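Have a look at coords_30.cif; it's mmCIF, N, CA and C atoms:
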```cif
data_final
#
loop_
_atom_site.label_atom_id
_atom_site.label_comp_id
_atom_site.auth_asym_id
_atom_site.auth_seq_id
_atom_site.Cartn_x
_atom_site.Cartn_y
_atom_site.Cartn_z
N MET A 1 0.86 -1.21 0.00
CA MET A 1 0.00 0.00 0.00
C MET A 1 0.89 1.25 0.00
N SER A 2 1.21 1.75 -1.21
CA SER A 2 2.08 2.93 -1.41
C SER A 2 1.29 4.22 -1.08
N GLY A 3 0.02 4.24 -1.51
CA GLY A 3 -0.91 5.34 -1.24
C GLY A 3 -2.23 4.81 -0.70
N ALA A 4 -3.05 5.71 -0.12
CA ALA A 4 -4.33 5.35 0.50
C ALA A 4 -5.40 5.11 -0.59
N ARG A 5 -6.05 3.94 -0.52
CA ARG A 5 -7.17 3.57 -1.41
C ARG A 5 -8.50 4.08 -0.83
N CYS A 6 -9.49 4.23 -1.71
CA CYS A 6 -10.84 4.69 -1.37
C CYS A 6 -11.83 4.11 -2.38
N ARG A 7 -13.05 3.82 -1.92
CA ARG A 7 -14.12 3.29 -2.76
C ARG A 7 -15.14 4.40 -3.01
N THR A 8 -15.42 4.65 -4.29
CA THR A 8 -16.41 5.65 -4.71
C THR A 8 -17.82 5.13 -4.41
N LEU A 9 -18.72 6.01 -3.94
CA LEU A 9 -20.11 5.63 -3.67
C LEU A 9 -20.91 5.76 -4.98
N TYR A 10 -21.18 7.02 -5.36
CA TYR A 10 -21.91 7.38 -6.59
C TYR A 10 -21.30 8.69 -7.13
N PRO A 11 -20.41 8.61 -8.17
CA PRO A 11 -19.77 9.80 -8.79
C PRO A 11 -20.78 10.65 -9.60
N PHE A 12 -21.24 11.76 -9.00
CA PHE A 12 -22.14 12.73 -9.66
C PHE A 12 -21.31 13.84 -10.33
N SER A 13 -21.95 14.56 -11.26
CA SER A 13 -21.29 15.58 -12.10
C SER A 13 -22.30 16.65 -12.54
N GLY A 14 -21.80 17.67 -13.25
CA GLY A 14 -22.63 18.76 -13.78
C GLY A 14 -21.83 19.65 -14.71
N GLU A 15 -20.65 20.11 -14.24
CA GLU A 15 -19.71 20.87 -15.08
C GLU A 15 -18.82 19.88 -15.85
N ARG A 16 -19.33 19.45 -17.01
CA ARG A 16 -18.59 18.59 -17.94
C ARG A 16 -18.04 19.47 -19.07
N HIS A 17 -16.75 19.82 -18.97
CA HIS A 17 -16.05 20.63 -19.97
C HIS A 17 -14.61 20.11 -20.10
N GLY A 18 -14.23 19.74 -21.34
CA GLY A 18 -12.93 19.12 -21.60
C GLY A 18 -12.89 17.65 -21.16
N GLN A 19 -11.72 17.20 -20.69
CA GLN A 19 -11.49 15.81 -20.26
C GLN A 19 -11.69 15.65 -18.73
N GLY A 20 -12.92 15.95 -18.27
CA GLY A 20 -13.31 15.72 -16.87
C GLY A 20 -13.25 14.24 -16.50
N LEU A 21 -12.70 13.91 -15.32
CA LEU A 21 -12.37 12.52 -14.94
C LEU A 21 -13.61 11.85 -14.32
N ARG A 22 -14.13 10.83 -15.02
CA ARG A 22 -15.35 10.11 -14.61
C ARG A 22 -14.98 8.80 -13.92
N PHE A 23 -15.33 8.69 -12.64
CA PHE A 23 -15.20 7.44 -11.87
C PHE A 23 -16.46 6.57 -12.09
N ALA A 24 -16.32 5.25 -11.87
CA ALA A 24 -17.47 4.33 -11.80
C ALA A 24 -17.95 4.25 -10.34
N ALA A 25 -19.23 3.91 -10.13
CA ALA A 25 -19.79 3.67 -8.77
C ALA A 25 -19.25 2.35 -8.20
N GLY A 26 -18.81 2.38 -6.92
CA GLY A 26 -18.23 1.20 -6.24
C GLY A 26 -16.78 0.92 -6.63
N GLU A 27 -16.19 1.83 -7.42
CA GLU A 27 -14.84 1.67 -8.01
C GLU A 27 -13.74 1.92 -6.96
N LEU A 28 -12.67 1.11 -7.02
CA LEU A 28 -11.53 1.20 -6.10
C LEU A 28 -10.47 2.13 -6.70
N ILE A 29 -10.39 3.35 -6.15
CA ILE A 29 -9.49 4.43 -6.62
C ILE A 29 -8.50 4.80 -5.50
N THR A 30 -7.20 4.87 -5.82
CA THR A 30 -6.17 5.38 -4.90
C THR A 30 -6.01 6.91 -5.11
N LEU A 31 -5.87 7.67 -4.00
CA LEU A 31 -5.59 9.12 -4.07
C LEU A 31 -4.12 9.38 -4.44
N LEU A 32 -3.86 10.52 -5.10
CA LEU A 32 -2.52 10.92 -5.56
C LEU A 32 -1.98 12.10 -4.73
N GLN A 33 -2.80 12.59 -3.79
CA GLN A 33 -2.45 13.70 -2.89
C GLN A 33 -3.06 13.41 -1.52
N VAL A 34 -2.45 13.93 -0.43
CA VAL A 34 -2.92 13.70 0.96
C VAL A 34 -3.00 15.02 1.80
N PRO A 35 -3.75 16.09 1.36
CA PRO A 35 -4.02 17.27 2.22
C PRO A 35 -5.11 16.93 3.25
N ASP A 36 -4.81 17.15 4.54
CA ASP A 36 -5.75 16.91 5.65
C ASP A 36 -6.98 17.82 5.50
N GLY A 37 -8.09 17.23 5.02
CA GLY A 37 -9.31 17.97 4.72
C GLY A 37 -9.17 18.82 3.46
N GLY A 38 -8.78 18.16 2.36
CA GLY A 38 -8.62 18.82 1.06
C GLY A 38 -9.05 17.94 -0.11
N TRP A 39 -8.78 18.42 -1.34
CA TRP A 39 -9.15 17.71 -2.58
C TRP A 39 -8.08 16.63 -2.86
N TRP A 40 -8.53 15.46 -3.33
CA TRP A 40 -7.64 14.33 -3.68
C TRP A 40 -7.77 14.03 -5.17
N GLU A 41 -6.64 13.80 -5.86
CA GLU A 41 -6.65 13.41 -7.27
C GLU A 41 -6.77 11.89 -7.36
N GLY A 42 -7.80 11.43 -8.07
CA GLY A 42 -7.99 10.02 -8.29
C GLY A 42 -7.20 9.53 -9.49
N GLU A 43 -6.66 8.31 -9.38
CA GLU A 43 -5.99 7.62 -10.50
C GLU A 43 -6.94 6.57 -11.08
N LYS A 44 -6.89 6.40 -12.39
CA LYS A 44 -7.63 5.35 -13.10
C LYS A 44 -6.70 4.57 -14.03
N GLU A 45 -7.04 3.30 -14.27
CA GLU A 45 -6.37 2.44 -15.27
C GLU A 45 -6.64 2.97 -16.70
N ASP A 46 -7.74 3.75 -16.82
CA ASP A 46 -8.09 4.54 -18.02
C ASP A 46 -6.90 5.43 -18.46
N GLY A 47 -6.16 5.97 -17.47
CA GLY A 47 -4.93 6.71 -17.72
C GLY A 47 -5.05 8.21 -17.48
N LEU A 48 -6.27 8.71 -17.17
CA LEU A 48 -6.49 10.13 -16.82
C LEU A 48 -6.40 10.37 -15.30
N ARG A 49 -6.43 11.66 -14.94
CA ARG A 49 -6.25 12.17 -13.57
C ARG A 49 -7.15 13.41 -13.37
N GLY A 50 -7.64 13.60 -12.13
CA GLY A 50 -8.43 14.78 -11.76
C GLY A 50 -8.74 14.80 -10.28
N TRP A 51 -8.92 16.01 -9.73
CA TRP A 51 -9.12 16.24 -8.28
C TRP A 51 -10.61 16.37 -7.97
N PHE A 52 -11.06 15.61 -6.97
CA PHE A 52 -12.47 15.55 -6.52
C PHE A 52 -12.50 15.53 -4.97
N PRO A 53 -13.62 16.01 -4.33
CA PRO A 53 -13.75 16.02 -2.85
C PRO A 53 -14.02 14.61 -2.27
N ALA A 54 -13.90 14.52 -0.94
CA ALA A 54 -14.15 13.28 -0.17
C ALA A 54 -15.64 12.87 -0.20
N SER A 55 -16.50 13.81 -0.61
CA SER A 55 -17.96 13.63 -0.72
C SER A 55 -18.35 12.42 -1.61
N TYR A 56 -17.55 12.17 -2.68
CA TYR A 56 -17.85 11.12 -3.68
C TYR A 56 -17.10 9.81 -3.41
N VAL A 57 -16.12 9.84 -2.47
CA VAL A 57 -15.28 8.67 -2.14
C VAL A 57 -15.39 8.32 -0.64
N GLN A 58 -15.00 7.09 -0.29
CA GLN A 58 -15.02 6.57 1.08
C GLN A 58 -13.66 5.92 1.38
N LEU A 59 -12.91 6.49 2.34
CA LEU A 59 -11.57 5.99 2.72
C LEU A 59 -11.63 4.53 3.18
N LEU A 60 -10.72 3.71 2.65
CA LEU A 60 -10.61 2.28 2.98
C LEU A 60 -9.38 2.07 3.88
#
```
Is it possible to give me this structure as structure tokens?
Amino acid sequence: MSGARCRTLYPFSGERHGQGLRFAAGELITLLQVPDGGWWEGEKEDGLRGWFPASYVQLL
């Protein structure tokens, strides 16, 4: 465990402009940043990256 993993509940959206990073529901995503009470960048096997709040993910 190099970085902390988290399971997405239900990834909701609204501002879809450019290559916005879409997670799947129930998906196992590791964070790429660790600010205490901040935004975390999710990694995907898809190969893209983007920062989202803890609201859409659940720390494992």
Open item on the list: So that I can check the surroundings of stretch 42-55 of chain A, please list as a list in words every protein, DNA and RNA residue that reaches within 6.5 Å of it, counting all atoms listed in the file and ignoring chain neighbours fewer than 3 positions away.
Closed with: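 Once the nearby chain positions are removed, what remains is residues 21, 29, 30, 31, 32, 38, 39 and 58 of chain A.
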Could you pull out the residues in stretch 6-56 of chain A that DSSP calls strand (DSSP E or B) from the backbone, as a short mmCIF file (atom, residue, chain, number, x, y, z; two decimals) with N, CA and C atoms, keeping the file's coordinate frame?
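In the end it all went to states.cif:
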```cif
data_model
loop_
_atom_site.label_atom_id
_atom_site.label_comp_id
_atom_site.auth_asym_id
_atom_site.auth_seq_id
_atom_site.Cartn_x
_atom_site.Cartn_y
_atom_site.Cartn_z
N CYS A 6 -9.49 4.23 -1.71
CA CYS A 6 -10.84 4.69 -1.37
C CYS A 6 -11.83 4.11 -2.38
N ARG A 7 -13.05 3.82 -1.92
CA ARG A 7 -14.12 3.29 -2.76
C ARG A 7 -15.14 4.40 -3.01
N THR A 8 -15.42 4.65 -4.29
CA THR A 8 -16.41 5.65 -4.71
C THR A 8 -17.82 5.13 -4.41
N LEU A 28 -12.67 1.11 -7.02
CA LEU A 28 -11.53 1.20 -6.10
C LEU A 28 -10.47 2.13 -6.70
N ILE A 29 -10.39 3.35 -6.15
CA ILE A 29 -9.49 4.43 -6.62
C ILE A 29 -8.50 4.80 -5.50
N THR A 30 -7.20 4.87 -5.82
CA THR A 30 -6.17 5.38 -4.90
C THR A 30 -6.01 6.91 -5.11
N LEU A 31 -5.87 7.67 -4.00
CA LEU A 31 -5.59 9.12 -4.07
C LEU A 31 -4.12 9.38 -4.44
N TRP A 40 -8.53 15.46 -3.33
CA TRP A 40 -7.64 14.33 -3.68
C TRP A 40 -7.77 14.03 -5.17
N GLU A 41 -6.64 13.80 -5.86
CA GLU A 41 -6.65 13.41 -7.27
C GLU A 41 -6.77 11.89 -7.36
N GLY A 42 -7.80 11.43 -8.07
CA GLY A 42 -7.99 10.02 -8.29
C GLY A 42 -7.20 9.53 -9.49
N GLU A 43 -6.66 8.31 -9.38
CA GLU A 43 -5.99 7.62 -10.50
C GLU A 43 -6.94 6.57 -11.08
N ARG A 49 -6.43 11.66 -14.94
CA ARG A 49 -6.25 12.17 -13.57
C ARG A 49 -7.15 13.41 -13.37
N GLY A 50 -7.64 13.60 -12.13
CA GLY A 50 -8.43 14.78 -11.76
C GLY A 50 -8.74 14.80 -10.28
N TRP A 51 -8.92 16.01 -9.73
CA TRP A 51 -9.12 16.24 -8.28
C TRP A 51 -10.61 16.37 -7.97
N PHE A 52 -11.06 15.61 -6.97
CA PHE A 52 -12.47 15.55 -6.52
C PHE A 52 -12.50 15.53 -4.97
#
```
TODO: Pull out every residue that the PyMOL selection byres ((chain A and resi 23) around 8) matches in the shown coordinates and put them as number ranges by chain.
DONE: A: 8, 10-12, 20-22, 24-27, 44
Those selected residues, please, written with N, CA and C atoms and delivered as an mmCIF file, in the coordinates of the input.
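The resulting file, result31.cif, is reproduced below:
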```cif
data_model
loop_
_atom_site.group_PDB
_atom_site.id
_atom_site.type_symbol
_atom_site.label_atom_id
_atom_site.label_comp_id
_atom_site.auth_asym_id
_atom_site.auth_seq_id
_atom_site.Cartn_x
_atom_site.Cartn_y
_atom_site.Cartn_z
ATOM 1 N N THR A 8 -15.420 4.650 -4.290
ATOM 2 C CA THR A 8 -16.410 5.650 -4.710
ATOM 3 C C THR A 8 -17.820 5.130 -4.410
ATOM 4 N N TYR A 10 -21.180 7.020 -5.360
ATOM 5 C CA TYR A 10 -21.910 7.380 -6.590
ATOM 6 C C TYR A 10 -21.300 8.690 -7.130
ATOM 7 N N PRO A 11 -20.410 8.610 -8.170
ATOM 8 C CA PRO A 11 -19.770 9.800 -8.790
ATOM 9 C C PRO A 11 -20.780 10.650 -9.600
ATOM 10 N N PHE A 12 -21.240 11.760 -9.000
ATOM 11 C CA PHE A 12 -22.140 12.730 -9.660
ATOM 12 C C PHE A 12 -21.310 13.840 -10.330
ATOM 13 N N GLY A 20 -12.920 15.950 -18.270
ATOM 14 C CA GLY A 20 -13.310 15.720 -16.870
ATOM 15 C C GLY A 20 -13.250 14.240 -16.500
ATOM 16 N N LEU A 21 -12.700 13.910 -15.320
ATOM 17 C CA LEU A 21 -12.370 12.520 -14.940
ATOM 18 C C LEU A 21 -13.610 11.850 -14.320
ATOM 19 N N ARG A 22 -14.130 10.830 -15.020
ATOM 20 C CA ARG A 22 -15.350 10.110 -14.610
ATOM 21 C C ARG A 22 -14.980 8.800 -13.920
ATOM 22 N N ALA A 24 -16.320 5.250 -11.870
ATOM 23 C CA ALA A 24 -17.470 4.330 -11.800
ATOM 24 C C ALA A 24 -17.950 4.250 -10.340
ATOM 25 N N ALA A 25 -19.230 3.910 -10.130
ATOM 26 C CA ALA A 25 -19.790 3.670 -8.770
ATOM 27 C C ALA A 25 -19.250 2.350 -8.200
ATOM 28 N N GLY A 26 -18.810 2.380 -6.920
ATOM 29 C CA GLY A 26 -18.230 1.200 -6.240
ATOM 30 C C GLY A 26 -16.780 0.920 -6.630
ATOM 31 N N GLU A 27 -16.190 1.830 -7.420
ATOM 32 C CA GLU A 27 -14.840 1.670 -8.010
ATOM 33 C C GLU A 27 -13.740 1.920 -6.960
ATOM 34 N N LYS A 44 -6.890 6.400 -12.390
ATOM 35 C CA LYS A 44 -7.630 5.350 -13.100
ATOM 36 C C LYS A 44 -6.700 4.570 -14.030
#
```
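With atom CA of residue A:60 on one side and atom CA of residue A:13 on the other, the separation reads 22.8 Å.
Shortest separation to residue A:59 among A:2, A:19, A:7, A:14 occurs at residue A:7, atoms counted being all atoms listed in the file.
Going from atom C of residue A:28 over to atom N of residue A:5, you cover 7.8 Å.
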With 8 Å of padding per side, what axis-aligned box (centre and edge lengths, Å, one decimal) covers all the listed atoms of stretch 24-42 of chain A? Give it as JSON.
```
{"center_x": -10.9, "center_y": 9.9, "center_z": -3.1, "size_x": 33.8, "size_y": 33.9, "size_z": 33.5}
```
TODO: Could you please determine the separation between atom CA of residue A:34 and atom N of residue A:15 in Å, to one decimal place?
DONE: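 So the two atoms, atom CA of residue A:34 and atom N of residue A:15, lie 24.2 Å apart.
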